[PDB]
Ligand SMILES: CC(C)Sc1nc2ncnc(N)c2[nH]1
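In structure tokens, the next block holds one chain alone, the form deposited without this ligand.
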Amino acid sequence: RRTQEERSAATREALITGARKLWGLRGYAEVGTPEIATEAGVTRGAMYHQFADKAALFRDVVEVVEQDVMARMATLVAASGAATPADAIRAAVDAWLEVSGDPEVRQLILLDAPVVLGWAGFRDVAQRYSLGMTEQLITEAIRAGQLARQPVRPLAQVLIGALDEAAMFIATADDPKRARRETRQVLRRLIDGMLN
């Protein structure tokens, strides 16, 4: 026997896992909640006990994917050997271009999320984690004397705007391999210009 809180937690995770998989492959518009409930092996009644509607489930999917994106990026940044805050910023660019190239991340984060959530929803749900990490890297680069002292939150929001748009440019390009290479170069120059 499982306790009710245990069954509720296992039900919730199965739905997030199933929605993430199916929406990742086919897009938010192409998969309904009945097919997701079936995929998770849960009844529709249990599903609607965890999530009021389709959009509430998508929001949780986005949160979980974004957390995964950050963890994957931290691994790539650690693998780059970056040993200063500025070098971590440079590596975070390449890490983002690699992870956002994941077809599931492309579908869920780049194509679906800005449309399903709107601007304010995407900032609050999707962007908040990356914005916080970016603010920290900026603060540390200023502390280390690698970046001129300046307002941290506006600069972080501007960088995130540039990085999100870079991923969109690659994701929609008729030659994504080429677009990724060109975009990587302009982003590296933009970061190097931002720094000392």
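Think of the rigid core as the biggest set of C-alphas that the two forms share within 1.5 Å after superposition. Heads up: residue numbers just count along the shown sequence, starting at 1.
Stretches 9 to 17 and 182 to 190 differ in mean C-alpha B factor, with the higher average recorded for 9 to 17.
Taking the mean C-alpha B-factor of each stretch as recorded, 79 to 87 and 96 to 104 are not equal, and the higher mean is that of 79 to 87. The maximum CA B-factor among the listed residues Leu137, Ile160, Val64, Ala52, taken from the PDB record, is found at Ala52. Of the residues listed, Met47, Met133, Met168, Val152, the entry assigns the biggest Cα temperature factor to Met47. Per the deposited record, the Cα B-factor of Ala56 falls in the highest third when ranked against the other modelled residues of its chain. Per-chain ranking of the deposited C-alpha B factor places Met70 in the middle third. Among the modelled residues of the chain, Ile109 sits in the lowest third by CA temperature factor in this PDB entry. For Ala156, the recorded CA temperature factor ranks within the lowest third of the chain's modelled residues. When all modelled residues of the chain are sorted by CA temperature factor, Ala144 is found within the middle third.
The protein also exists as the form deposited with this ligand bound; that form is not presented, and the subsequent description refers to it.
Distance criterion of 4.5 Å from any heavy atom to this ligand in the entry with it bound singles out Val69 from the list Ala141, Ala171, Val42, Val69.
Each of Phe122, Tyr129 and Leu163 is positioned with at least one heavy atom within 4.5 Å of this ligand in the entry with it bound. Mapping the unseen interface onto this chain, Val116 falls outside it, with no heavy atom inside 4.5 Å of this ligand in the entry with it bound. This ligand is not drawn, but in the entry with it bound it has no heavy atom within 4.5 Å of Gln50.
For the stretch 91 to 114, the set of residues having any non-hydrogen atom within 4.5 angstroms of this ligand in the entry with it bound comprises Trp96, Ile109, in sequence order.
No residue of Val116, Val125, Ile109, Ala95 other than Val125 has its CA displaced by 2 Å or more between the shown form and the other one when the core is superposed.
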